[PDB]
Every structure is written in C-alpha cells, then in structure tokens.
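What follows is one chain in structure tokens, specifically the form solved without the named molecule.
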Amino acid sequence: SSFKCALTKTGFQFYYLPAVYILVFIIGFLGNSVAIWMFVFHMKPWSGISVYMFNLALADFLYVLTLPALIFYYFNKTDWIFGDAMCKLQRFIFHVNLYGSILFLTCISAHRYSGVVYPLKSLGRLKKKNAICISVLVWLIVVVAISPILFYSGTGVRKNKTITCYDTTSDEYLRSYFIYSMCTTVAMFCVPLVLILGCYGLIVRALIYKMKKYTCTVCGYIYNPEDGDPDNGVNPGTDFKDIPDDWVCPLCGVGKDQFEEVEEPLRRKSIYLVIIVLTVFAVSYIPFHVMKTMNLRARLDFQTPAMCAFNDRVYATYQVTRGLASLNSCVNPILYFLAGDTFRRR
C-alpha cells in the first residue's frame, strides 16, 4: 500500500499564527490605508517611484482584507467553511500580492539604480508614463502567471470530515503543480532577487565613489568636486577635505569652516531601500520559497517511514515561513516614507 507519513498540527497553527495575522491585519490596514491616502491625494506630481510604490500599497491593502477569513480558518482548527470559490480567491490574492510585490520592488530598485548610476542620461526612461505602462504590465504578467492557482487550489474533505483549503493542490495534481511552482519561483523570485542584488551592488558602488558637495553658509555657493575650483588652483576632482585650510569661498571670501555638507536626499533613500528590501527578502520571501519547495518535495519524493519525523519538522517550518510571508504588508509602509519621494521638496 502507498505509505503516507503521519502529520502533526501544532498550537502555532490553531492559536498563535491566527493571533499574528490579527496584528498584521490591524497594523497592515492602518499602514497602507494611510499610505494610499498620502499618494492618491498628496503626492502628485508622482515620479515613477510613487507610481510603483502606490501599486505596492494597493496590493498590500487588498491582501490584508483577506486576513479575517484566514484568521477564522486557523481558529476553526483549519476547517474551511466559505466554500471552494472563496478558497481559490484567498490563495490567488495571496500569490498575486506575493509576486506583485517582488516585481514592484524590482522596478523600484531598477528605477533607483538608473537615477543613481546614470544621473544625467536616464531622465527619459524614468518618466511617469513609462512607470504606469510598466505597472500595468507587472499586473498583467502576475495575473497571467498566477492564474493557474485558481485551478490547482480549492477545497477538499479530510478523513476526520473537516475541510481543507489547499494553498498548493491535492495529491492527484501535485506533479504538475511542482513543475509550475518551480517556474514561478525561478522566474518571479530567483531572477528578480538576482536583478535586485545586481542593482544594489552597483548603487552602493556609485554612492561610495560619489564625492560630497559642500555649500557656503554665508553666500550659498556650492563647491562641486567634479568641477573643482580651477581658477583658484583646485583641480577638477578634488574632495573638499583635501582643500588646504587657506582656501576661501570664491564668491565672498569666508573660510572653509563656514562651509557645510550638502544633504543628498537620493543617497539616503537608496540606502534605506537596500537595507529594508534585503531585510524583507531574508525574513519573508527567501525562507518561504526555500520551505515551500522542500515541503512539496517531502510530499512527493520523501514519503517513507524513516523520513516522517524530518518531514513534519519541514511541514512545521513551512507553516512559520508561510506566516512570515505576510509581514511585508505591515513593513512596506516604512518603505513608502523612508525610501520613496519626499513630500514636496519645494
């Protein structure tokens, strides 16, 4: 007989995961409701960034709205009572949010990269129209790519007579599902992650190289390392700290001590982007994608009595990493502030 391992459902699933979802739900609702208000009604002129970020706030918000049912499902010992159609919807909206977020973060990273590494030369490519078209596509690519989940997922009856809402699919269709899940993880997670780390290295590199500008607090004259002050014997490409003390402002004659660092908004936002997005990937996206795959494998290839112990640890970890996937929806809001365009700047 086709031996099936015995599985173990912990208190994390029935009691403690739904509690976390309640917190995500509340904070997520607040964070993104406010964010959406700030974009739609206070940011225009939107740069391409605000276009992308608005799309994130939009997808996180709609996702959060699916939490109550998920919360109810775990409180109800994972017995799903809203039927097949709503199960498929729950899972569909989860993965659309998941992969939409990933791609939008890629666009945001790409956007910021071009603006940082090619400041004078990308202007046309970074305009808002392009951002809107890219955003439409991103939704098209995701909906198309994730649509099979409407087939694969859905409702099923357990031996104990309670109803399961598959997040993946039932045994009869697992093989093809595995192949499908491999494609999306490769195309809509692995590739992006590579593109993102690409951008990020280049961005950091350009930021560490770019010499700081300084400004005369007495007459406003900006010193640009790129131009230097050739007419007074400072060559193009000299750093302000390398200028001998005896130099003075060439416009009014005050000393170096009267100068101050020019605050470069784009450098700060780029670093806040890197830090936040790498954190999010390490806590929410990577562990989930590792564990989704291992857990499918376990279900297919590692189904023997020797493995079962290891297997329900995998299943157990999978549950936590699936819960950790939801944290982007109440962390992304800090992105919109710290890494997005500044309110007015005028």
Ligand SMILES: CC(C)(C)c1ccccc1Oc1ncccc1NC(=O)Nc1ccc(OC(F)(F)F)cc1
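Numbers follow the displayed sequence, beginning with 1. So that the term is clear: the rigid core is the largest set of C-alpha atoms that superpose within 1.5 Å between two forms.
Below, we turn to the form deposited with the named molecule bound, even though it does not appear here.
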**Pose source in the deposited bound form; superposed partner the named molecule; site open or blocked by backbone or C-beta within 2.4 Å** = open
**Item:** Partner proximity in the deposited bound form: residue 29 to the named molecule, non-hydrogen atom cutoff 4.5 Å
**Value:** yes
**Prompt:** Is residue 25 a contact residue for the named molecule in the deposited bound form, using a 4.5 Å heavy atom cut-off?
**Reply:** yes
**Request:** Using the partner position in the deposited bound form, report whether residue 93 sits within 4.5 Å of the named molecule, counting heavy atoms only.
**Result:** yes
**Message:** Quick check on residue 207: any heavy atom within 4.5 Å of the named molecule in the deposited bound form?
**Reply:** no
**Request:** Could you work out which of 306, 34, 65, 40 is the residue within 4.5 angstroms of the named molecule in the deposited bound form, going by heavy atoms?
**Result:** 65
**Message:** Is it true that 56, 59 and 98, all three, sit within 4.5 Å of the named molecule in the deposited bound form, judged by heavy atoms?
**Reply:** no
**Asked** Along 72-111, which positions have a non-hydrogen atom within 4.5 Å of the named molecule in the deposited bound form?
**Response** 82, 86, 89, 90, 93
**Prompt:** Which of these moves by 2 angstroms or more at the C-alpha between this form and the one not shown, core superposed: 126, 134, 271, 193?
**Reply:** 126
